[PDB]
Amino acid sequence: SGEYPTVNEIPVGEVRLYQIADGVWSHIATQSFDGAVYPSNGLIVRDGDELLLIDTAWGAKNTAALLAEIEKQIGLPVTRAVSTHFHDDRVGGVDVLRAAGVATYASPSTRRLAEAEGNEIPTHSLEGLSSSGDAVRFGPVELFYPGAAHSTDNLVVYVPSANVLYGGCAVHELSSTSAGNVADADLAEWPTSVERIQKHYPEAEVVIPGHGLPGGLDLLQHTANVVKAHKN
Ligand SMILES: C[C@@H](c1cccc2c(-c3ccc(NS(C)(=O)=O)c(F)c3)c(C(=O)O)[nH]c12)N1CC(CN2CC(N)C2)OC1=O
Ligand SMILES: [Zn+2]
Ligand SMILES: [Zn+2]
């Protein structure tokens with residue numbers, strides 16, 4: 001009923017959208033992994049009379065449900081998708097998207113990692129993002145490579161019309177008491193990567209983590225703090 005939708009509020013398989021700003025939504029779904037249930041976020045950005053999707057809904061059936069929810073709530077076609085790293089909460093569902101007419105994109109680093117891991121593989125490669133601090137335009141967003149953090153390939157996404165910073169899994173929510181799933185992380189470089197984000201997007205008004213509740217710029221410093229303490 002208007003609050004940001006939370007893990008115990010979303011059955012696995014269902015998707016909810018949350019309006020962030022004019023022409024910007026997050027999508028929220030839940031999935032089981034190693035016997036526990038987790039929420040995850042993605043982004044939807046209006047691109048004229050089309051939509052740009054950022055990240056799948058973590059699984060094939062969740063992603064089909066995402067497309068249905070978008071049709072119900074927004075009613076514009078998803079034409080392109082970008083996955084912000086190689087893990088299943090970002091690319092699982094790419095095959096569904098690809099069969100629903102959506103052109104799927106990721107950096108070459110993400111595509112390689114996804115292939116090597118046996119995850120679904122976006123079709124198109126996003127060049128121009130291989131060095132930390134690189135930025136490129138993609139429809140109504142800017143894609144930014146901050147450096148290694150949650151993963152070596154993680155990208156963040158900025159919506160300049162709305163000053164929305166979608167951190168993906170490089171950014172944690174304010175309630176986080178740990179650094180999430182760090183299997184593929186670079187705990188030593190992560191704070192440096194976060195500092196790059198802070199420097200590059202000082203006017204962000206909303207910051208959206210890969211999992212959990214949006215907030216403001218404080219999510220960035222909080223993330224650095226939880227990662228440094230996890231490393232320590
Ligand atoms: C698919 C993905 C994955 C699965 C399950 C949970 C999470 C979590 C996660 C956990 C706790 C919290 N809450 S918190 C900050 O602790 O308070 C959180 F916000 C997120 C994250 C994240 O942190 O982004 N991601 C997850 N995977 C898989 C994976 C490594 N598997 C070995 C093989 N290489 C792939 O690595 C990863 O990320
Ligand atoms: Zn991940
Ligand atoms: Zn994640």
Side-chain angles (χ1 to χ4, degrees), residues 4-10 12-13 15 18 26-43 53-63 66 81-96 106-107 109-122 143 145-157 165-187 189-191 193-194 197 207-215 218-232:
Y4 198 82
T6 69
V7 70
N8 287 289
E9 281 159 9
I10 304 174
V12 179
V15 175
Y18 181 91
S26 65
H27 65 82
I28 313 85
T30 56
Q31 188 55 272
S32 171
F33 180 90
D34 287 22
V37 170
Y38 302 90
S40 77
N41 299 318
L43 205 70
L53 182 63
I54 311 298
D55 292 325
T56 69
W58 198 354
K61 290 175 82 171
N62 279 352
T63 299
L66 169 63
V82 172
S83 294
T84 61
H85 69 276
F86 72 103
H87 290 158
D88 197 40
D89 58 317
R90 309 296 130 194
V91 298
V94 153
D95 290 350
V96 161
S107 75
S109 178
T110 297
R111 298 181 68 262
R112 289 190 305 268
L113 293 164
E115 187 183 349
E117 187 92 8
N119 289 352
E120 294 164 44
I121 310 159
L143 306 178
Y145 176 52
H150 166 82
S151 66
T152 57
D153 61 322
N154 52 204
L155 300 180
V156 315
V157 180
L165 177 59
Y166 175 86
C169 303
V171 175
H172 281 288
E173 74 175 320
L174 289 175
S175 64
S176 68
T177 65
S178 90
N181 192 333
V182 299
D184 290 322
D186 186 333
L187 302 174
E189 281 293 340
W190 198 334
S193 300
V194 164
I197 301 169
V207 178
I208 303 167
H211 306 263
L213 308 186
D218 283 1
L219 276 66
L220 302 183
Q221 187 59 47
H222 178 66
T223 297
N225 293 342
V226 306
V227 162
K228 288 143 163 153
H230 187 298
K231 195 190 187 294
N232 294 341

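In each ligand, atom 1 is the first atom listed, and ligand 1 is the first ligand listed. Counting from 1, the numbers follow the sequence of the chain as shown. What's counted below: heavy atoms across the whole structure, side chains too, no hydrogens, waters or symmetry copies.
Below 4.0 Å from some heavy atom of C169 lie the following atoms of ligand 1, by number and element: 24 (O). Atoms of ligand 1 lying under 4.0 Å from at least one heavy atom of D89, given by number and element, are 1 (C), 2 (C). The ligand atoms of ligand 1 that sit less than 4.0 angstrom from a heavy atom of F33 are 4 (C), 5 (C), 28 (C). Contact atoms of ligand 1 toward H172: 15 (C), 19 (F), 23 (O) (distance under 4.0 Å to a heavy atom of the residue). Numbered from 1 in the order shown, with element, the atoms of ligand 1 that lie under 4.0 Å from a heavy atom of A183 read 30 (C).
The shortest N or O to N or O distance between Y38 and ligand 1 is not under 3.5 Å. Geometrically, ligand 1 and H87 share a nitrogen or oxygen pair separated by less than 3.5 Å. Backbone and side-chain nitrogen or oxygen atoms of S176 are examined, and none is located within less than 3.5 angstrom of a nitrogen or oxygen of ligand 1. Residue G180 has at least one nitrogen or oxygen atom sitting less than 3.5 Å from a nitrogen or oxygen atom of ligand 1, judged on distance alone. In terms of N/O distances under 3.5 Å, ligand 1 is approached by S178. Residue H211 places at least one N or O, backbone or side chain, under 3.5 Å from an N or O of ligand 1.
Under the 3.5 Å distance criterion, with hydrogens and angles disregarded, a donor-acceptor pair is assigned to the side chains of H211 and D89.
Around the Zn ion (ligand 2), the two atoms NE2 of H150 and ND1 of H87 are separated by an angle of 110°, to 10 degrees.
Within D89, OD2 is the N, O or S atom that lies nearest to the Zn ion (ligand 3).
The number of heavy atoms from other shown groups lying within 6.0 Å of NZ (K231) does not exceed 12. Atom CD of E115 has 12 or fewer neighbouring heavy atoms from other residues, nucleotides or ligands inside a 6.0 Å radius.
The closest approach between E173 and ligand 1 stays at or above 4.0 Å for every heavy atom of the residue.
When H222, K228, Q221 are each tested for a side-chain hydrogen bond (donor to acceptor under 3.5 Å, both in side chains) with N225, only one passes: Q221.
Shortest non-hydrogen contact noted between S40 and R90 is CB-NH2, 3.8 Å. Among all heavy-atom pairs drawn from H172 and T223, the shortest one is N-OG1, 2.8 Å. Among all heavy-atom pairs drawn from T56 and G93, the shortest one is CG2-C, 3.7 Å.
Considering OG1 of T152 and CZ of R112, their distance stands at 8.5 Å, rounded to 0.5 Å.
In terms of modelled atom types and a separation under 3.5 Å, the side chain of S176 and the main chain of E173 share a donor-acceptor contact.
Contact of the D153 side chain with the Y145 side chain is not registered, since no non-hydrogen atoms from C-beta on lie closer than 4.5 Å. Residues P191 and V227 have side chains in contact (heavy-atom distance under 4.5 Å, counting atoms from C-beta outward).
Among the backbone and side-chain atoms of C169, an N/O/S atom is found under 2.8 Å from the Zn ion (ligand 3). Contact annotation: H211 places an N, O or S atom under 2.8 Å from the Zn ion (ligand 3).
Atom 28 (C) of ligand 1 has its nearest heavy-atom neighbour, among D34, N119, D184, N181, in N181.
Here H150 has side-chain heavy atoms under 4.0 Å from ligand 1, and that is the only part of it that gets that close.
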